[PDB]
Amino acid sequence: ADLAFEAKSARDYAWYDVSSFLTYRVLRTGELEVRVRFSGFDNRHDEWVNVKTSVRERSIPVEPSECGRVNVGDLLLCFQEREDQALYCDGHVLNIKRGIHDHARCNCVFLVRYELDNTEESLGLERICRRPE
């Protein structure tokens, strides 16, 4: 499979799936930014994003069978749903409460610390994605 990517928006600090890269530019600080096209979406969404900070290989869904590779301290992309918006943003696993289950569905409860505002939330596997490698 080909490398796929996600990019961090400087508007909301959330990660979004990238369809294609249109162009690049060098700020007079020497810092590299690329123009990205976002997945399944209008083209006023196009954004300049920093290459090193805001572009990375796409996050990976975790099957119930592999819920055991997610440990504490681990970095995850977490589906954060709040007062009317739902963003995918970084968080780290503070605690894991293992449940009894099988291949079909995971019922483990992961307590996550969101990186930005530092709030916390308890997520299930169905709402997180792991980092490659």
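Start at 1 and count along the sequence shown; that's the residue number.
Modelled in this chain, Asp42 is nonetheless absent from a third or more of the other compared entries whose models extend past it on both sides. The mean Cα B-factor in the deposited entry runs higher for 37-45 than for the other of 75-83 and 37-45.
Looking at mean Cα B-factors across 50-58 and 101-109, the upper value is held by 101-109.
Per the deposited record, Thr119 carries the highest C-alpha B-factor of all listed residues (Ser19, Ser9, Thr23, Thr119). Looking at the C-alpha B-factors along this chain, the one for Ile96 belongs to the lowest third. Ranked against the other modelled residues of its chain, the C-alpha B-factor of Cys89 as given in the entry falls in the lowest third. In this PDB entry, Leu32 carries a Cα temperature factor that places it within the middle third of its chain's modelled residues. In this PDB entry, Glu133 carries a Cα temperature factor that places it within the highest third of its chain's modelled residues.
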